[PDB]
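> Right, I'll just put the structure down here and ask away after.
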Amino acid sequence: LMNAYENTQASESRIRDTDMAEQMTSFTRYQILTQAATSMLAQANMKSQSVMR
Amino acid sequence: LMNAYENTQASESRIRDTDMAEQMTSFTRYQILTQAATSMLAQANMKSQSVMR
Amino acid sequence: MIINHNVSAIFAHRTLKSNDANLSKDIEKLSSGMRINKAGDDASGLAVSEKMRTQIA
Amino acid sequence: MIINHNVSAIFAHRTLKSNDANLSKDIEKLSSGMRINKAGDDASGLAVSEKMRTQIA
Amino acid sequence: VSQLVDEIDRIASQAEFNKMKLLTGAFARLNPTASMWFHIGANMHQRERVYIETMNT
């Protein structure tokens, strides 16, 4: 019984639990992608002030 | 109860809280049109004196 | 130049909205330690995962 | 001198128009973080990119 | 071995780039079925060829 418990728990973790090393990678991709559009957002706001002269 | 509180707060937030990024787009857009109107308002008042010569 | 509409700022905010969405889904898996937290992340996986959690206990 | 038309002003706006159009596509690529956002930027590249994204998943 | 041999067969059959088979012998020298040219110049003939040999059992 203890053997199948070890195997089933191992099989369960392979589908349910997250890979923390891999998850910080995708987390960091989106966080920088957030700052990119935010900085480019302020560029698009200031864009139209040129013709106001 | 904690699970319900989270989901309830999410649906309330999606209805009441403002999207500050999209809200700044309209604020800058409406701010420019005010300047455009104020500039063209000044032009119309100067338009009158043309025929005073 | 069109000053009524800013289609650049429209695109910039729209992409920003989908990025903040994916960012939040990553906070879930990091804070809980589980890859599937709600239905829709993996429906068939969550089904098999719960059946295994049935056998484990 | 001709006052009916201003071909200098006509030229200046037509130049300013395409610069505004080319400025916008730069804001798209930087805000979205991808070189290709719509069809036409690179048709074959987008077709190749998607099949790669197909395999990556 | 019968397992390991089949996997070596599997690798050669299932190795692909952009839906092109790479390890089955398409880009060999003796009896190729296709030619892999890396056109690395701005002019008509500025290209170089690549050979990859068959890599099955």
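Labels for the structure tokens follow display order: chains A, B, ..., residues from 1 in each chain, ligands from 1.
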Counting only C-alpha atoms, which residues of chain A sit at most 6 Å from some atom of chain C, and what is each one's closest atom pair with its distance in Å to one decimal, listed by chain and rising residue number, as JSON lines?


{"residue": "A:5", "atom": "CA", "partner": "C:56", "partner_atom": "CA", "distance": 5.9}
{"residue": "A:12", "atom": "CA", "partner": "C:49", "partner_atom": "CA", "distance": 5.8}
{"residue": "A:16", "atom": "CA", "partner": "C:35", "partner_atom": "CA", "distance": 5.3}
{"residue": "A:17", "atom": "CA", "partner": "C:34", "partner_atom": "CA", "distance": 4.0}
{"residue": "A:18", "atom": "CA", "partner": "C:35", "partner_atom": "CA", "distance": 4.4}
{"residue": "A:27", "atom": "CA", "partner": "C:26", "partner_atom": "CA", "distance": 5.6}
{"residue": "A:30", "atom": "CA", "partner": "C:23", "partner_atom": "CA", "distance": 5.6}
{"residue": "A:34", "atom": "CA", "partner": "C:19", "partner_atom": "CA", "distance": 5.9}
{"residue": "A:37", "atom": "CA", "partner": "C:16", "partner_atom": "CA", "distance": 5.7}
{"residue": "A:41", "atom": "CA", "partner": "C:12", "partner_atom": "CA", "distance": 5.4}
{"residue": "A:44", "atom": "CA", "partner": "C:9", "partner_atom": "CA", "distance": 5.0}

> Would you output that residue set with C-alpha atoms, as a compact mmCIF listing (two decimals), in the first residue's frame?


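out_27.txt, written as the output of this step:
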# COMPACT_ATOMS: atom_id res chain seq x y z
CA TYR A 5 0.81 5.66 -2.30
CA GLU A 12 -0.52 13.46 -8.81
CA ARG A 16 -1.26 19.46 -10.19
CA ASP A 17 1.75 21.17 -8.56
CA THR A 18 3.55 24.03 -10.28
CA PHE A 27 5.79 35.72 -14.46
CA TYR A 30 4.56 39.47 -18.33
CA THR A 34 3.40 45.30 -18.48
CA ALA A 37 2.98 49.04 -22.67
CA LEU A 41 0.97 54.28 -23.14
CA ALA A 44 0.68 57.70 -27.14

> Using only C-alpha atoms, find each residue in chain B having at least one atom no more than 9 Å away from chain A; report its shortest atom-to-atom pair and that distance in Å (one decimal), rows by chain then rising number, as CSV.


residue,atom,partner,partner_atom,distance
B:21,CA,A:41,CA,8.1
B:24,CA,A:45,CA,8.2
B:25,CA,A:45,CA,6.6
B:28,CA,A:45,CA,6.4
B:29,CA,A:45,CA,7.8
B:32,CA,A:49,CA,7.1
B:35,CA,A:52,CA,7.4
B:36,CA,A:52,CA,6.8
B:39,CA,A:52,CA,8.8

> Please write the residues from the selection above to a file, keeping C-alpha atoms, as a PDB file, in the first residue's frame.


ATOM      1  CA  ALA B  21      -5.086  53.315 -17.910  1.00  0.00           C
ATOM      2  CA  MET B  24      -6.245  58.557 -18.711  1.00  0.00           C
ATOM      3  CA  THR B  25      -6.752  58.083 -22.447  1.00  0.00           C
ATOM      4  CA  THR B  28      -5.816  63.508 -22.205  1.00  0.00           C
ATOM      5  CA  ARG B  29      -8.091  63.343 -25.247  1.00  0.00           C
ATOM      6  CA  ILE B  32      -6.558  68.560 -25.919  1.00  0.00           C
ATOM      7  CA  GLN B  35      -7.167  73.719 -25.946  1.00  0.00           C
ATOM      8  CA  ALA B  36      -8.260  73.366 -29.570  1.00  0.00           C
ATOM      9  CA  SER B  39      -7.521  78.538 -29.603  1.00  0.00           C
TER      10      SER B  39
END

> Grab the atom CA of residue 28 of chain C to atom CA of residue 28 of chain D distance for me, in Å with one decimal place.

28.8 Å

> Report the Cα RMSD between chain D and chain C after least-squares superposition, pairing every C-alpha atom in order.

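Result of the CA superposition: 0.2 Å.
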
> Taking the DSSP assignment computed from this structure's backbone, write out as a ChimeraX atom specification all residues of chain C that belong to helix (DSSP H, G or I).

/C:7-32,43-56

> Output N, CA, C and O atoms of each residue in that selection to a file, as a compact mmCIF listing (two decimals), in the first residue's frame.


# COMPACT_ATOMS: atom_id res chain seq x y z
N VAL C 7 -5.92 56.12 -31.66
CA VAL C 7 -5.92 54.68 -31.89
C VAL C 7 -4.62 54.06 -31.40
O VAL C 7 -4.56 52.85 -31.13
N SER C 8 -3.56 54.85 -31.30
CA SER C 8 -2.33 54.35 -30.69
C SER C 8 -2.54 54.05 -29.21
O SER C 8 -2.15 52.99 -28.72
N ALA C 9 -3.15 54.99 -28.48
CA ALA C 9 -3.39 54.77 -27.06
C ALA C 9 -4.43 53.68 -26.84
O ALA C 9 -4.45 53.03 -25.79
N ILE C 10 -5.32 53.48 -27.82
CA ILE C 10 -6.28 52.39 -27.73
C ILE C 10 -5.57 51.05 -27.78
O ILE C 10 -5.81 50.17 -26.95
N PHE C 11 -4.66 50.88 -28.75
CA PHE C 11 -3.91 49.63 -28.86
C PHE C 11 -3.00 49.43 -27.66
O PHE C 11 -2.86 48.32 -27.15
N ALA C 12 -2.37 50.51 -27.19
CA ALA C 12 -1.45 50.40 -26.06
C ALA C 12 -2.16 49.95 -24.79
O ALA C 12 -1.64 49.12 -24.05
N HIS C 13 -3.35 50.49 -24.52
CA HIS C 13 -4.10 50.07 -23.34
C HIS C 13 -4.68 48.67 -23.50
O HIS C 13 -4.70 47.90 -22.54
N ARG C 14 -5.15 48.34 -24.70
CA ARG C 14 -5.77 47.03 -24.90
C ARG C 14 -4.79 45.90 -24.66
O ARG C 14 -5.12 44.91 -24.00
N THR C 15 -3.56 46.03 -25.17
CA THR C 15 -2.54 45.02 -24.90
C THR C 15 -2.16 45.02 -23.43
O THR C 15 -1.92 43.96 -22.84
N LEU C 16 -2.12 46.20 -22.81
CA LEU C 16 -1.84 46.29 -21.38
C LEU C 16 -2.87 45.52 -20.57
O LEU C 16 -2.54 44.96 -19.52
N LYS C 17 -4.12 45.49 -21.03
CA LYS C 17 -5.17 44.79 -20.29
C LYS C 17 -4.96 43.28 -20.32
O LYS C 17 -5.18 42.60 -19.31
N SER C 18 -4.55 42.74 -21.47
CA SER C 18 -4.33 41.30 -21.56
C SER C 18 -3.06 40.88 -20.85
O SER C 18 -2.94 39.74 -20.39
N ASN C 19 -2.08 41.78 -20.76
CA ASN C 19 -0.86 41.46 -20.02
C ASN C 19 -1.11 41.42 -18.52
O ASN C 19 -0.61 40.52 -17.83
N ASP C 20 -1.88 42.37 -17.99
CA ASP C 20 -2.21 42.35 -16.57
C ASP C 20 -3.05 41.13 -16.22
O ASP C 20 -3.01 40.65 -15.08
N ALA C 21 -3.83 40.63 -17.18
CA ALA C 21 -4.61 39.42 -16.94
C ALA C 21 -3.71 38.21 -16.79
O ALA C 21 -3.85 37.44 -15.83
N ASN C 22 -2.78 38.01 -17.73
CA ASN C 22 -1.86 36.88 -17.64
C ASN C 22 -0.95 37.00 -16.43
O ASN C 22 -0.57 35.98 -15.84
N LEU C 23 -0.60 38.22 -16.04
CA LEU C 23 0.23 38.42 -14.86
C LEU C 23 -0.47 37.93 -13.60
O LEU C 23 0.15 37.31 -12.73
N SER C 24 -1.77 38.21 -13.48
CA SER C 24 -2.52 37.77 -12.30
C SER C 24 -2.62 36.26 -12.24
O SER C 24 -2.56 35.67 -11.15
N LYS C 25 -2.79 35.60 -13.39
CA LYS C 25 -2.87 34.14 -13.39
C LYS C 25 -1.55 33.51 -12.95
O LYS C 25 -1.55 32.39 -12.44
N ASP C 26 -0.43 34.20 -13.16
CA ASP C 26 0.85 33.69 -12.70
C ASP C 26 1.03 33.88 -11.20
O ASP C 26 1.72 33.08 -10.56
N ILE C 27 0.44 34.93 -10.63
CA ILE C 27 0.49 35.11 -9.19
C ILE C 27 -0.25 33.98 -8.48
O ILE C 27 0.13 33.56 -7.39
N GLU C 28 -1.32 33.48 -9.10
CA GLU C 28 -2.07 32.38 -8.51
C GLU C 28 -1.21 31.13 -8.36
O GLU C 28 -1.14 30.55 -7.27
N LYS C 29 -0.56 30.71 -9.44
CA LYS C 29 0.24 29.49 -9.38
C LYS C 29 1.45 29.65 -8.48
O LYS C 29 1.90 28.67 -7.87
N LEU C 30 2.00 30.86 -8.38
CA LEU C 30 3.14 31.08 -7.50
C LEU C 30 2.74 31.10 -6.03
O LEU C 30 3.43 30.52 -5.19
N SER C 31 1.63 31.77 -5.71
CA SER C 31 1.23 31.90 -4.31
C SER C 31 0.69 30.60 -3.74
O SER C 31 0.87 30.31 -2.56
N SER C 32 0.01 29.80 -4.56
CA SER C 32 -0.55 28.54 -4.08
C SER C 32 0.40 27.37 -4.26
O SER C 32 0.36 26.42 -3.46
N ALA C 43 -9.23 21.45 -17.39
CA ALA C 43 -10.42 20.74 -16.91
C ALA C 43 -10.15 19.25 -16.76
O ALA C 43 -10.44 18.66 -15.72
N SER C 44 -9.58 18.63 -17.80
CA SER C 44 -9.31 17.20 -17.74
C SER C 44 -8.22 16.88 -16.73
O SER C 44 -8.26 15.83 -16.08
N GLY C 45 -7.23 17.76 -16.59
CA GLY C 45 -6.20 17.54 -15.59
C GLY C 45 -6.74 17.64 -14.17
O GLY C 45 -6.39 16.83 -13.31
N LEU C 46 -7.59 18.64 -13.91
CA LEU C 46 -8.19 18.77 -12.59
C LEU C 46 -9.06 17.57 -12.26
O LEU C 46 -9.17 17.18 -11.09
N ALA C 47 -9.69 16.97 -13.27
CA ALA C 47 -10.49 15.77 -13.03
C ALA C 47 -9.61 14.61 -12.58
O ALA C 47 -9.90 13.96 -11.57
N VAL C 48 -8.53 14.34 -13.31
CA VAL C 48 -7.64 13.24 -12.96
C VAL C 48 -6.91 13.54 -11.66
O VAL C 48 -6.66 12.64 -10.85
N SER C 49 -6.55 14.81 -11.43
CA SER C 49 -5.87 15.18 -10.20
C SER C 49 -6.74 14.88 -8.98
O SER C 49 -6.24 14.36 -7.97
N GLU C 50 -8.03 15.20 -9.05
CA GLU C 50 -8.90 14.94 -7.91
C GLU C 50 -9.14 13.45 -7.71
O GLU C 50 -9.27 13.00 -6.57
N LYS C 51 -9.22 12.68 -8.80
CA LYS C 51 -9.34 11.23 -8.66
C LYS C 51 -8.10 10.63 -8.01
O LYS C 51 -8.20 9.68 -7.23
N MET C 52 -6.92 11.15 -8.35
CA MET C 52 -5.72 10.72 -7.66
C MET C 52 -5.73 11.13 -6.19
O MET C 52 -5.36 10.34 -5.32
N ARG C 53 -6.16 12.36 -5.90
CA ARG C 53 -6.27 12.79 -4.51
C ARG C 53 -7.27 11.93 -3.75
O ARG C 53 -7.17 11.78 -2.53
N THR C 54 -8.25 11.38 -4.47
CA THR C 54 -9.15 10.41 -3.87
C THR C 54 -8.40 9.14 -3.47
O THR C 54 -8.55 8.64 -2.35
N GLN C 55 -7.58 8.62 -4.38
CA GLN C 55 -6.84 7.39 -4.10
C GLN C 55 -5.77 7.62 -3.04
O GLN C 55 -5.51 6.74 -2.22
N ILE C 56 -5.13 8.79 -3.05
CA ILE C 56 -4.03 9.05 -2.13
C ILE C 56 -4.52 9.02 -0.69
O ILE C 56 -3.91 8.38 0.17

> Counting only C-alpha atoms, what is within 12 Å of residue 22 of chain E, bar same-chain residues fewer than 2 positions away, as a ChimeraX atom specification?

/E:11-20,24-28,32-36,50-56

> Kindly save the residues from that selection, with C-alpha atoms included, as a PDB file, in the first residue's frame.


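Result file follows (again_22.pdb):
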ATOM      1  CA  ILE E  11      13.834  10.424 -33.416  1.00  0.00           C
ATOM      2  CA  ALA E  12      14.770  10.261 -37.094  1.00  0.00           C
ATOM      3  CA  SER E  13      11.124  10.024 -38.160  1.00  0.00           C
ATOM      4  CA  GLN E  14       9.809  12.709 -35.784  1.00  0.00           C
ATOM      5  CA  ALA E  15      12.601  15.309 -35.981  1.00  0.00           C
ATOM      6  CA  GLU E  16      11.202  18.288 -37.881  1.00  0.00           C
ATOM      7  CA  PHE E  17      11.662  22.020 -38.359  1.00  0.00           C
ATOM      8  CA  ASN E  18       8.771  24.065 -39.782  1.00  0.00           C
ATOM      9  CA  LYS E  19       7.125  20.830 -40.989  1.00  0.00           C
ATOM     10  CA  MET E  20      10.319  19.677 -42.766  1.00  0.00           C
ATOM     11  CA  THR E  24      15.491  11.189 -42.576  1.00  0.00           C
ATOM     12  CA  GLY E  25      17.968  11.913 -45.388  1.00  0.00           C
ATOM     13  CA  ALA E  26      16.346  14.820 -47.251  1.00  0.00           C
ATOM     14  CA  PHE E  27      19.516  16.943 -47.080  1.00  0.00           C
ATOM     15  CA  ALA E  28      22.226  14.324 -47.649  1.00  0.00           C
ATOM     16  CA  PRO E  32      19.139  13.925 -51.537  1.00  0.00           C
ATOM     17  CA  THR E  33      15.477  14.630 -52.165  1.00  0.00           C
ATOM     18  CA  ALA E  34      15.742  18.360 -51.400  1.00  0.00           C
ATOM     19  CA  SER E  35      18.376  21.069 -51.100  1.00  0.00           C
ATOM     20  CA  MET E  36      18.825  23.330 -48.079  1.00  0.00           C
ATOM     21  CA  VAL E  50      23.902  22.618 -46.111  1.00  0.00           C
ATOM     22  CA  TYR E  51      24.215  18.835 -45.853  1.00  0.00           C
ATOM     23  CA  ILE E  52      22.694  16.709 -43.080  1.00  0.00           C
ATOM     24  CA  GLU E  53      23.073  12.955 -43.368  1.00  0.00           C
ATOM     25  CA  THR E  54      20.627  10.150 -42.646  1.00  0.00           C
ATOM     26  CA  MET E  55      20.582   9.338 -38.929  1.00  0.00           C
ATOM     27  CA  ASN E  56      18.344   6.295 -38.526  1.00  0.00           C
TER      28      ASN E  56
END

> If I take atom CA of residue 38 of chain E and atom CA of residue 41 of chain D, how far is one from the other in Å, to one decimal?

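Atom CA of residue 41 of chain D lies at a distance of 22.6 Å from atom CA of residue 38 of chain E.
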